[PDB]
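**Student:** Have a look at this one.
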Amino acid sequence: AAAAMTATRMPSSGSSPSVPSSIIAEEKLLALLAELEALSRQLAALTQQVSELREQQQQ
Amino acid sequence: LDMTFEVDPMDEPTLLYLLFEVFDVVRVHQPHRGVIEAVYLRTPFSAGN
């Protein structure tokens with residue numbers, strides 16, 4: 001009634017960026033698709049000359 | 001006129017100061033050397049009759 005009455009008396013907000021580091025970029029990209037063919041070409045050339053041992057030993 | 005006020009209780013004796021705003025005007029007439037006749041009207045709340 002008196003004394004104190006003179007003054008006065010959720011779910012999901014879904015953030016995303018959190019506490020990780022900063023990020024950067026560059027545009028000098030992508031030789032790498034050539035080596036996948038270099039590697040599998042030269043791999044064949046190994047077997048090709050293993051065959052050239054065998055095809056001369058068989059003579 | 002009836003009026004009521006609600007106030008924070010003060011724990012000591014205090015006073016409501018209430019001003020009823022009215023005109024409180026005087027007109028001063030000086031008809032002869034050394035004579036001052038001043039006429040007062042406060043309205044409403046006039047003092048007289």
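Simple scheme: letters A, B, ... for chains in structure tokens order, numbers from 1 for residues in each chain, numbers from 1 for ligands in the order shown.
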Which residues of chain A come within 10 Å of chain B, and for each one, what is the closest pair of atoms and their distance in Å to one decimal, counting only C-alpha atoms, sorted by chain and residue number, as a tab-separated table?

**Tutor:**
residue	atom	partner	partner_atom	distance
A:2	CA	B:9	CA	7.3
A:3	CA	B:9	CA	7.4
A:4	CA	B:8	CA	9.8
A:5	CA	B:8	CA	8.2
A:6	CA	B:8	CA	6.2
A:7	CA	B:8	CA	9.8

**Student:** Take the residues from that selection and write them out as a PDB file, in the first residue's frame, keeping C-alpha atoms.

**Tutor:**
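And here's out00.pdb as it stands now:
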ATOM      1  CA  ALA A   2       2.799   2.508   0.945  1.00  0.00           C
ATOM      2  CA  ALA A   3       6.610   3.018   1.588  1.00  0.00           C
ATOM      3  CA  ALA A   4       8.027   1.093  -1.458  1.00  0.00           C
ATOM      4  CA  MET A   5       5.311   2.305  -3.910  1.00  0.00           C
ATOM      5  CA  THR A   6       7.003   5.779  -4.320  1.00  0.00           C
ATOM      6  CA  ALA A   7       9.454   4.538  -7.012  1.00  0.00           C
TER       7      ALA A   7
END

**Student:** Please provide the set of residues having any atom within 12 Å of segment 19-36 of chain B, restricted to only C-alpha atoms, with same-chain residues fewer than 3 positions apart removed, written as a list in words.

**Tutor:**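 What passes the distance filter is residues 1, 16, 39, 40, 41, 42, 43, 44, 45, 46 and 47 of chain B.
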
**Student:** Suppose we keep N, CA, C and O atoms; can you now write the selection as a tab-separated table (two decimals), in the first residue's frame?

**Tutor:**
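File written: again-v6.tsv
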chain	number	residue	atom	x	y	z
B	1	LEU	N	-16.76	23.52	-5.52
B	1	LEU	CA	-15.63	22.71	-5.99
B	1	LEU	C	-15.07	21.79	-4.92
B	1	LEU	O	-14.74	22.23	-3.83
B	16	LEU	N	0.08	21.22	1.51
B	16	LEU	CA	-0.27	21.37	0.11
B	16	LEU	C	-0.35	22.87	-0.14
B	16	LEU	O	-1.10	23.56	0.55
B	39	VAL	N	-7.94	51.55	-7.41
B	39	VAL	CA	-9.09	50.64	-7.41
B	39	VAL	C	-8.61	49.23	-7.70
B	39	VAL	O	-7.94	49.01	-8.71
B	40	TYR	N	-8.93	48.28	-6.84
B	40	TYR	CA	-8.50	46.88	-6.95
B	40	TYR	C	-9.62	45.90	-7.27
B	40	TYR	O	-10.67	45.95	-6.64
B	41	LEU	N	-9.40	45.00	-8.21
B	41	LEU	CA	-10.32	43.90	-8.48
B	41	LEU	C	-9.52	42.64	-8.67
B	41	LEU	O	-8.74	42.52	-9.60
B	42	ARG	N	-9.77	41.65	-7.83
B	42	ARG	CA	-9.23	40.32	-8.00
B	42	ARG	C	-10.43	39.51	-8.44
B	42	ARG	O	-11.48	39.65	-7.83
B	43	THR	N	-10.37	38.73	-9.50
B	43	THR	CA	-11.56	37.98	-9.93
B	43	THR	C	-11.18	36.70	-10.66
B	43	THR	O	-10.30	36.74	-11.52
B	44	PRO	N	-11.80	35.56	-10.31
B	44	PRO	CA	-12.68	35.33	-9.18
B	44	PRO	C	-11.90	35.46	-7.84
B	44	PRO	O	-10.81	36.02	-7.83
B	45	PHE	N	-12.43	35.00	-6.70
B	45	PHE	CA	-11.82	35.11	-5.36
B	45	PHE	C	-11.62	36.57	-4.90
B	45	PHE	O	-10.64	36.91	-4.24
B	46	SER	N	-12.56	37.44	-5.25
B	46	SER	CA	-12.54	38.87	-4.91
B	46	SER	C	-12.63	39.11	-3.41
B	46	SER	O	-13.47	38.47	-2.78
B	47	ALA	N	-11.82	40.01	-2.83
B	47	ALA	CA	-11.98	40.28	-1.40
B	47	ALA	C	-12.90	41.49	-1.21
B	47	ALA	O	-12.49	42.64	-1.37

**Student:** Mind pulling up the distance from atom CA of residue 26 of chain A to atom CA of residue 40 of chain A?

**Tutor:**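 About the pair atom CA of residue 40 of chain A and atom CA of residue 26 of chain A: they are 29.1 Å apart.
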
**Student:** Would you mind reading off the distance between atom CA of residue 58 of chain A and atom CA of residue 44 of chain A, one decimal, in Å?

**Tutor:**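 Computing it gives 21.1 Å between the two atoms.
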